[PDB]
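> Shown below is the structure under consideration.
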Amino acid sequence: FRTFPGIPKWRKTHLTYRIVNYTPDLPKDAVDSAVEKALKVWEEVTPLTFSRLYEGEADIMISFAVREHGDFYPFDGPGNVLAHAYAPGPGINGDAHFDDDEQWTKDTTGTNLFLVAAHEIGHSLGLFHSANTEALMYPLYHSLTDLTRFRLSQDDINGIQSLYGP
Ligand SMILES: CC(C)C[C@H](CC(=O)NO)C(=O)N[C@@H](CC(C)C)C(=O)N[C@@H](Cc1ccccc1)C(N)=O
Ligand SMILES: [Ca+2]
Ligand SMILES: [Zn+2]
Ligand SMILES: [Zn+2]
């Protein structure tokens, strides 16, 4: 497990993400919105303030890809999960690859570029793996994607209470 205290591998409580690429299916624009939303309430919980790439490097950068790349999770094509992501520090710091195999969709999900985002974004920092109802860890895209107040994992939130160092 990652996270805490005084935050992960960042000396800022004002971070960023970067959709390196953005597969133009949701569209690219609604894929940015799938991510950017996820981000938004992750910044209500911790003291952090996430946003898209202010400059330089980021926290969790993401590229789309996995039509069948073969990293972690499965390139399963449109439908299923999709992110074959791995941790903050390890990978292009906070690395996640989202099935460009999909045709991003939010038809309940099918696949929506939003939870690959949540799973990734929460995965990197340290709100990484649990088992609840609403959590980023509630483990199969049919989520509580009401990202107005998504209310992340309550356990992996106890790690966002670290991000929250200040
Ligand atoms: C983003 C979050 C939802 C990821 C979860 C849980 C997780 O944290 N795994 O590490 C997941 O990977 N679930 C996969 C496991 C594996 C394939 C990587 C799954 O059950 N996927 C469904 C996809 C799905 C989606 C909608 C309807 C039906 C089925 C499946 N392959 O049966
Ligand atoms: Ca898939
Ligand atoms: Zn990959
Ligand atoms: Zn996971």
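Counting begins at 1 with the first residue displayed.
The way this entry was determined, per its header, is solution NMR.
Backbone N, Cα and C define each Cβ position, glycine as well.
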> Report the candidate from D32, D59, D146, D155 that shares the Ca(2+) 2 site with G91, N93, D95, as recorded in Swiss-Prot.
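Among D32, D59, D146, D155, only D59 appears alongside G91, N93, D95 as Ca(2+) 2-binding in Swiss-Prot.
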> Compare the Cα of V81 (Ca(2+) 3 binding site) against each of the binding-site residues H69, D71, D95, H97 and report the nearest.
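Its closest listed neighbour, by Cα, is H97.
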> Checking the binding-site residues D25, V81, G91: which ones have Cβ within under 6 Å of ligand 3?
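Cβ under 6 Å from ligand 3: none.
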> Please list the binding-site residues from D59, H69, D76, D95, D99, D100 whose Cβ falls under 6 Å of any atom in ligand 2.
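From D59, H69, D76, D95, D99, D100, counting a Cβ under 6 Å from ligand 2 as near, the near ones are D76, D99.
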> Identify, among the binding-site residues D59, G91, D99, the residue whose Cβ has the fewest other Cβ atoms within 10 Å in this structure.
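Relative to the other binding-site residues in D59, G91, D99, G91 has the fewest Cβ atoms within 10 Å.
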> May I ask for the distance between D25 (Ca(2+) 1 binding site) and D99 (Ca(2+) 3 binding site), taken between their Cα atoms and rounded to an integer number of Å?
11
> Compared by Cα position, which of the recorded positions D76, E102, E120 is the closest one to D95 (Ca(2+) 2 binding site)?
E120
